[PDB]
Amino acid sequence: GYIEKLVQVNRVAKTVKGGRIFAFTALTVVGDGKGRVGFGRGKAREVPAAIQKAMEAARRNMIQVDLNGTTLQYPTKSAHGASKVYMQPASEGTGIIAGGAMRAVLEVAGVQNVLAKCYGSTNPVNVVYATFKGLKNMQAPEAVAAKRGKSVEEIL
Amino acid sequence: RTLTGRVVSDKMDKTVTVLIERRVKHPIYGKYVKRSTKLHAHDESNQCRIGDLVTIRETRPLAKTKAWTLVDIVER
Amino acid sequence: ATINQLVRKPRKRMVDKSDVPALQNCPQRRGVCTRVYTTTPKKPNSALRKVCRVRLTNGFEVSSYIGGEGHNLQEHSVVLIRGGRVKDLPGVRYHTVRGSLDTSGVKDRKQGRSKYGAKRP
Amino acid sequence: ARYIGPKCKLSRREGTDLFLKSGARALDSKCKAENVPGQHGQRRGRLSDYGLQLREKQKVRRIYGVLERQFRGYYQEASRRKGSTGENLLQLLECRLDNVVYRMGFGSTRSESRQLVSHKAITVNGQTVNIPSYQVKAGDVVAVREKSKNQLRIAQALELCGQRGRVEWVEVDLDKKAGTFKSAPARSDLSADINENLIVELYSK
Amino acid sequence: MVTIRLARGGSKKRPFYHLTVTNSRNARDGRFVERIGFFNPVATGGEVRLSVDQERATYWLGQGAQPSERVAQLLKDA
Amino acid sequence: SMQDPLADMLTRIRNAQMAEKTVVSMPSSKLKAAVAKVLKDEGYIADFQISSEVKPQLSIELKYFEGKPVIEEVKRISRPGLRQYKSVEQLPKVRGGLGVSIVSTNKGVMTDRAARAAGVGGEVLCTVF
RNA sequence: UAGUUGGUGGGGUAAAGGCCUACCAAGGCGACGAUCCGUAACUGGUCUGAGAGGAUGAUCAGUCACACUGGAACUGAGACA
RNA sequence: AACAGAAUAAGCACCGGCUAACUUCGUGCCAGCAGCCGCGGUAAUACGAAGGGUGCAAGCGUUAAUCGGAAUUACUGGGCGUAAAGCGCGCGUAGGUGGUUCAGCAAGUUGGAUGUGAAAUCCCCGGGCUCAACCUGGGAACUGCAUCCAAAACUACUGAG
């Protein structure tokens, strides 16, 4: 589906000769409010056209996320580049408390109780990779129990 | 209350000196160091050798800096 | 570093020092003034800043800065200085409270009067 | 310190009904609630992300009439109690005495209920209370003092109860004027325009 | 001597005493051996005025503890 | 001169599940032969064999539910030179109770779910997911 | 570092001790930081921190140290007041 | 409890970006501003004013001083091919770490009991002042240290291979 959310806008450039050609980039994540997200990056020549391009690439190559219901399954920790990310599920009344670019991922996924923090280099185009290695590699235990459930899930 | 150490000195008169090892843990780094302890056990009969393995206990002070005594020699 | 090195030489946290070295742990300080220069700023500006030099009750001889729009500050007059680092001028590290002892504030000012010390009309 | 001044102007910036004017005459006829106040009431665009959370916090804080020194005091008692600080923050604003006088219907505005408490005209357990912060419990028999039962401020306001209904955690008696706070409210009688997941997140950073 | 006497806690014009057993040459609010009860003169509603425990008062008074003037009656009125 | 044997059994397991091997053979001991019994009962390997006479070996067969293996990570906790000991209160839980943690207690080498039922603390060894 | 570190004999004090003295002996401590320099009354606690920690010891409470500066004893249950 | 009458009682910083909230008028590299980026050379949403607006309120602002943010002294929680960072290379004392079978022991380790860890403070459930601050009853906690009892997987010590 489609619920859109913008994060970043830049002004990249390019020197040719004579002057300097400008261009705009944008980063936009799209989710469904249930656990299907997708991010997208587009470059164009103006703001109202660079956002439209980044929205279209978001709703291609999406991710199914197996959330527990407004929370996560377990504390995990993933990294990409020089960016390290930590996330652990929380109680009911606590909302989402994260920084800038992990709120926009964790809104549209539908989770509400995420309690996150990012270390290392804060790059909004690169902390998103650090988040999607984490969420796309969840497990959601298909087991008979948890304190007993290590005889039917390990064979899954 | 009863300790155990090994003798390093026979130079003084009726006075012996022990080493009592000890493993205390470091308070913040979680590792067991070894830090020593050196007492003056009151010898009584001038008959212990450098390198023994003896046993001490605490009495009232006999001279200054000498309040421990000798229980018995355990092994040579 | 391994654990068996930190036991032998633990991590010693480095310390800073005060950007206001005079007026040792106190918010204000008085002093009598000596000279009223009018110096020039650094390169990317163009102005003529007004700088007085003060001898405190500590005995220190430090330059200061005077704000506002016009000052009555003839020499040998007491002031009351406070901290504040002017980025423009070099060596200037202290402002000067208006309206406190001798500087007597400014006049015809109606925006932000608790700064610079102006009354209410 | 209260807030004394214009009152459409608060409803005119946040862009909602907000229930501040007294009568059932008309919204947006005394008010003209089409625009942001001030001179530049026509230009708009892109409320900031911090500015959205402050806009939600300032909305809830102007329905009820608190100030921020008091409002953070309720936020500490929310995080003390067990579970769901968003719901607990609302139920400490529902049990307050100036709200329950408004829920029983002894006033038109909520600011009228603050004045009826302040002039000692309201009792709680059979004894006089003149504090607009009194946290009432389950089963407190709020009644009206006999010296002022003849005020037209109370009599007229009961015809303004017709456009309100009963909130189904109180009960009011239109003869002796003695309401009964039945129990705590649930998280269904409160409107969905307020959000319990923006005020909690504002007080982190 | 050792003695059983009254401390003083609470705000202005609302006292709340404490049956302590102290050495005699101490302060009022200073050190004590132990504490055994309280005394609340302005007790109203669900509050209890006298709350002395008879076990330790059996113990100390048999070993030469010397009570005060108010404590001469508060142990009596139990 | 290898200083720690049990961080070498776990290293060969982690490496063989990237070369997509099936059988792994390392030298044995009376502790490694008890750890692999615990990983079998929890279920991460197929079986194990102590089959020699004077250099007794340990032949472990690995599982693959997918192209991805069944063990995804494993790390040694009580490395020689740290010696991590835990009581029952401060005993850790991995992944909200979905991994296993192997604790050498007074009643033999058992997992974290077993000793916490018996109320016996001890020494952690590893945190297998 | 030479009553310095032990031993012996005698004194001295409510009380063990180089506490003191007479001879004997040449020991004792130290890189696990002695010695020396610079600063500072310690503690239960306060202030931040998710936590680990980090700073800090106003009011209240416990302990120590002084009573213009430097000494000194008496009286006495108990002071070097 | 009664009487008087709406009478007796509102400021302060900010509005270019971080950062909630804006346009005209003076000024023209002058005066001036400033926590950092930096504005001012004749049209200044940054200086000085005027309307408007936003934050807080019997207070609001600046300065001084600590801890956070700082995974920026990293035990929990970092690094060393080129960004700062591997001694010019050896040998070796103190010290740190120890292949594999049994057997013993119980110093570490785990579990339990007792003595202690002053009262206050913090935390939890209550109770009193019209509410709250404040006062106060009962519990937990004070991570500790010591003495006993038991267990024996791993480390240590001991005996044999």
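Calculation rules
- Residues numbered from 1 in each chain as written, not as in the entry; some residues may be left out.
- Chains lettered and ligands numbered in written order.
- Part of a larger assembly, values for the part shown.
- Heavy atoms only, no water.
- Residues with missing side-chain atoms left out of burial classes, pairs and counts.
- Helix = DSSP H or I, 4+ residues; strand = E, 2+ residues; numbered from the N terminus.
- Near = heavy atom within 4 Å.
- Polar contact = N/O pair within 3.5 Å; in protein donor to acceptor, adjacent residues only side chain to side chain.
- Nonpolar A, V, L, I, M, F, W, Y, C, P; charged D, E, K, R; others polar.
- Buried < 20%, exposed > 50% of the residue type's maximum accessible area, 1.4 Å probe, protein only.
- Pairing = 2+ DSSP bridges.
- Contact = heavy atoms within 4.5 Å.
- Buried area = accessible area lost by both parts, 1.4 Å probe.
- Salt bridge = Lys/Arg side-chain N within 4 Å of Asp/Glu carboxyl O.

What the entry reports as its method is cryo-EM, with 3.6 Å given for the resolution.

(A) The arrangement of unusual backbone geometry in detail. You will see that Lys-14 of chain B, though not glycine, has its phi angle at about 55°, which is positive. Along the chain, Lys-14 of chain B falls in the loop between β1 (3-9) and β2 (17-19). The phi dihedral of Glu-168 of chain D falls on the positive side, at around 65°, and the residue is not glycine.

(B) Expanded view of the protein's contact with RNA strand G. Residue and element names in this part refer to chain B. Around RNA strand G, the surrounding shell holds 18 residues, and the nearest of these are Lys-11, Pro-61, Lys-64, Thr-65 and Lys-66. In the interface set of RNA strand G, defined as its atoms within 4 Å of the protein, sugar plus phosphate atoms amount to 80%. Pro-61 has a polar backbone atom sitting 2.5 Å from a sugar or linking oxygen of RNA strand G. Within the contact set of RNA strand G, a phosphate oxygen lies 2.4 Å away from a side-chain nitrogen or oxygen of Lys-66. With four residues, the single largest contributor to the surface near RNA strand G is strand β5 (residues 53-63). Residue composition of the surface near RNA strand G, grouped by class: four nonpolar, five polar and nine charged.

(C) Quick peek at the pairing of strand β2 (residues 19-23) of chain E. Residues and elements named next belong to chain E. Where burial is concerned, most of β2 is hidden: four out of the five residues are buried. In the sheet, strand β1 (residues 2-6) pairs with β2 via five bridges, with the strands oriented antiparallel. Within β2, the residue paired with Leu-6 across the bridge is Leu-19. In this sheet, strand β3 (residues 34-35) lies alongside β2 in antiparallel orientation, the contact comprising two bridges. Directly across from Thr-20, in β3, lies its bridge partner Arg-35.

(D) The interface of chain A and chain F, seen in detail. On the side of chain F, 15 residues touch chain A, which itself brings 13 residues to the contact. Here chain A and chain F share an interface that buries about 1200 Å² over both sides, 56% of which is from carbon and sulfur atoms. Sorting the residues of chain A by area buried against chain F places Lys-147, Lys-150 and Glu-154 of chain A first, and these three jointly supply 47% of that buried surface. Counting across the chain A and chain F interface gives one salt bridge. Note that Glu-154 of chain A and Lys-63 of chain F form a salt bridge whose closest N and O atoms lie 2.5 Å from each other.

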